[PDB]
Amino acid sequence: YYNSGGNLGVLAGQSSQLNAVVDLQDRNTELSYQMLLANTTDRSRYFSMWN
Amino acid sequence: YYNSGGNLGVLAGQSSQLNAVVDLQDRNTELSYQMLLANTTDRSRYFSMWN
Amino acid sequence: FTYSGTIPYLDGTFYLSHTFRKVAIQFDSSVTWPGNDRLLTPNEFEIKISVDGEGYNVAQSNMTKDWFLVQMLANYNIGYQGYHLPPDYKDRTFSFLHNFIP
Amino acid sequence: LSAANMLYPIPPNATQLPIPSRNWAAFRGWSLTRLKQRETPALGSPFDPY
Amino acid sequence: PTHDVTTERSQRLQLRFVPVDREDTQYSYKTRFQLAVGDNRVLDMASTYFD
Amino acid sequence: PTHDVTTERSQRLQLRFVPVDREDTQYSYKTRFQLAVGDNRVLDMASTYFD
Amino acid sequence: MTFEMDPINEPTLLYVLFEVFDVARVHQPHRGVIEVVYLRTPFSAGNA
Amino acid sequence: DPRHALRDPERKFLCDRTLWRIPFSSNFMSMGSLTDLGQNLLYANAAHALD
């Protein structure tokens, strides 16, 4: 799940209790990640680990 | 519409939000305008633009 | 106007509030309200859900938990300290609970 | 990506498509494309029945 | 009042907890939760229930 | 370098964490972990993933 | 904005991307304490 | 009855002569005619757009 306030991921310190992950269904992580890879590496090779 | 609190015109800054147009059905803009023209120009000529 | 029955717009005889799914409010076309991750679904107010999934439905109906809470607070300020039938004097014909029937 | 994702419906056979919105500041630029409704799952909700 | 009542920072109104352990006995069902009350917060049991 | 780089005392290279709570919903699966970063250590999220 | 496009015999969508600055700072004062501050300008939190 | 055939549950509700409410308060509670948010500078200072 990404960009979904319905199932927003949590990542905060037990003592803090204040979630550090603030997502908005307006953003698009999925696509963002894609383009990112095509700019740092050769998006033609394959890598099973990350499928 | 003029001199009608029912349909008073608005003209205020978005930040101010305070309407600068305060009209009263006691005043008469229409007639006022008429007389004004007859004092600054020759009210005998015609001018399509303003009909 | 070819009608002579009750006019919900005047007498207040509404009866189509059960036909709403969700409502989304946003300021400056970006800042969602209330935001701040207040509701289980911070991006909107789901009045009712069709597919249970998690089961955000309460009162043994199809009404979400978030909506039920909101209604309770806005009508009887009840919700932050247990859900209970509010006092009669506050339950008028135009109240929520009074007309809620699952 | 750094960009706000917006989605406006395009009725079948439609040609013109206006979109009103206003920015109080200054961004970076525009970027756009076209997608098929059937191939675009309605996000935001934990499940799409359609 | 416009201060010392509601918080300005993000914070859920009603949290949801999942069983950290559950035993389905032939005639009984037991589940244990780790009810965690974040700092600067106050929980009123009366507002809690088992779904 | 032969100092101020690697530690001499015992210490795992990659830890493994188990779900402290997991909920299998009809159309979703949620799990929470208590990612603990031991003292004198530094974790680079990029090296983390869900098996 | 007004987009003029070729007609298609099926429902489509106009995917727009208002490139902005989606940045966030992470502050860690004490042990087990993560304080983050997001900021996407323009379009801070929707438009209204 | 033993002659019962496999069925399926269906839930719904009705709420007539009523109006859905969404108070403009930080906690949705009524602490006065003039809510707290309705008195917050963020709104009285600058103008916004609603959707």
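Reconstructed Cβ throughout: ideal geometry from the backbone, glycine too, with neighbour counts over all protein chains shown. Readers should treat all values here as calculations from the given coordinates under stated rules, not as data from a laboratory.
Tabulated values for the structure
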{"quantity": "Among residues of segment C:80-94, those that are facing another protein chain (nearest Cβ under 7 Å) and more than 20 Å from C:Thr19 (Cβ to Cβ), counted", "calculated": "4"}
{"quantity": "Test for B:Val22: is it within 14 Å of chain H (Cβ to nearest Cβ), among the β-branched types (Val, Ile, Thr) and within 30 Å of H:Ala46 (Cβ to Cβ)", "calculated": "no"}
{"quantity": "Members of segment D:24-41 found to be under 16 Å from D:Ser2 (Cα atoms), of a type outside the set (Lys, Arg) and assigned to a loop (DSSP other than H, G, I, E, B), listed by number", "calculated": "D:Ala25, D:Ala26, D:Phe27, D:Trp30, D:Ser31"}
{"quantity": "Within segment B:1-16, tally of residues that are under 19 Å from H:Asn45 (Cβ atoms) and loosely packed, with under 11 Cβ neighbours inside 10 Å", "calculated": "4"}
{"quantity": "Search result, residues across segment C:43-57 that are among the hydrophobic types (A, V, I, L, M, F, W, C) and out of contact with any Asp or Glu (no Cβ under 8 Å at 6 or more places or on another chain)", "calculated": "C:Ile47, C:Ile49, C:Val51"}
{"quantity": "Number of the exception - D:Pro41 against (1) surrounded by fewer than 16 Cβ atoms within 10 Å (Cβ to Cβ); (2) within 7 Å of another protein chain (Cβ to nearest Cβ); (3) closer than 24 Å to A:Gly9 by Cα", "calculated": "(2)"}
{"quantity": "Failed item, numbered, when E:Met45 is tested on (1) among the hydrophobic types (A, V, I, L, M, F, W, C); (2) loosely packed, with under 11 Cβ neighbours inside 10 Å; (3) within 14 Å of chain A (Cβ to nearest Cβ)", "calculated": "(3)"}
{"quantity": "Residue among D:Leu1, D:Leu7, D:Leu43, D:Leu32 that alone is of a type outside the set (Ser, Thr, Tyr), in contact with a helix residue (DSSP H, G or I) (Cβ under 6 Å, 6 or more places away or on another chain) and under 16 Å from A:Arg27 (Cα atoms)", "calculated": "D:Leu1"}
{"quantity": "Condition check for C:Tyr76: over 10 Å from the mean Cα position of the chain (by Cα) and surrounded by fewer than 20 Cβ atoms within 10 Å (Cβ to Cβ)", "calculated": "no"}
{"quantity": "Near pairs, Cβ below 7 angstrom, 6+ apart or cross-chain, from segment C:54-73 (more than 9 Å from chain H (Cβ to nearest Cβ) and without any contact (Cβ under 8 Å) to a residue 24 or more places away in the chain) to any residue that is assigned to a loop (DSSP other than H, G, I, E, B) and charged (D, E, K, R)", "calculated": "C:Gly55/E:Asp51"}
{"quantity": "Residue that is surrounded by the most Cβ atoms within 10 Å (Cβ to Cβ) [pool: residues in segment C:7-18 that are among the hydroxyl-bearing types (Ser, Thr, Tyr) and at the interface with another protein chain (Cβ under 10 Å from one of its Cβ atoms)]", "calculated": "C:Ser17"}
{"quantity": "Selection count, segment G:1-35, where residues are over 17 Å from the mean Cα position of the chain (by Cα) and not charged (D, E, K, R)", "calculated": "18"}
{"quantity": "Selection from segment E:1-42 of residues that are more than 12 Å from chain A (Cβ to nearest Cβ), surrounded by 13 or more Cβ atoms within 10 Å (Cβ to Cβ) and either under 23 Å from H:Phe28 (Cβ atoms) or of a type in the set (D, E, K, R) (or both)", "calculated": "E:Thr2, E:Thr6, E:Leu13, E:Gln14, E:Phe17"}
{"quantity": "Selection from segment D:15-33 of residues that are exposed (fewer than 14 other Cβ atoms within 10 Å of the Cβ) and closer than 19 Å to G:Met5 by Cα", "calculated": "D:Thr15, D:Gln16, D:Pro18, D:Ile19, D:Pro20, D:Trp30, D:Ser31, D:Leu32, D:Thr33"}
{"quantity": "Any hit, segment A:25-33, residues being within 14 Å of chain E (Cβ to nearest Cβ) and in a loop (DSSP other than H, G, I, E, B)", "calculated": "no"}
{"quantity": "Options C:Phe45, C:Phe100; residue that is in contact (Cβ under 8 Å) with a residue 40 or more places away in the chain, crowded, with 17+ Cβ neighbours inside 10 Å and more than 14 Å from chain G (Cβ to nearest Cβ)", "calculated": "C:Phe100"}
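The rows are residues; the columns are (1) away from chain E (no Cβ under 14 Å); (2) in a loop (DSSP other than H, G, I, E, B); (3) over 23 Å from the mean Cα position of the chain (by Cα).
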{"site": "H:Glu10", "(1), (2), (3)": "yes, yes, yes"}
{"site": "H:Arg21", "(1), (2), (3)": "yes, yes, no"}
{"site": "H:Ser26", "(1), (2), (3)": "no, yes, no"}
{"site": "H:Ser30", "(1), (2), (3)": "no, yes, no"}
